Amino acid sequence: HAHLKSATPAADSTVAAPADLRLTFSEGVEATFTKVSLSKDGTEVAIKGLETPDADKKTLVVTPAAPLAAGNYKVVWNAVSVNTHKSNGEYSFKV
């Protein structure tokens, strides 16, 4: 199953407006079947895009509609691997 190895913004780290989130998994994931929910103090923030650029499909680029306002962000992810297995979790970060 796909484990999330690293994010960026990194779990619980603080940053300036990153432009997008990168999620790096232990296996290839499917952009089309994978769900990512980004929320700021408990209301949806709008994701415009999901993509796996490289061909291993191990980094998921999650592009929000706007650049991100400063504050407290919760990511909830439901990955579907290239072999169709479902995993999930969550993490936080701050701008």
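Position 1 is the first residue in the sequence shown; the rest follow in order.
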Comparing 37-45 with 22-30, the higher average Cα temperature factor in the PDB entry belongs to 37-45
Using only the Cα atoms and their B-factors as the entry lists them, report which of 47-55 and 64-72 averages higher. 64-72
Chain-wide C-alpha B factor ranking for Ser92, given as lowest, middle or highest third: middle
Assert third(CA B-factor, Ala79) within chain per record equals lowest
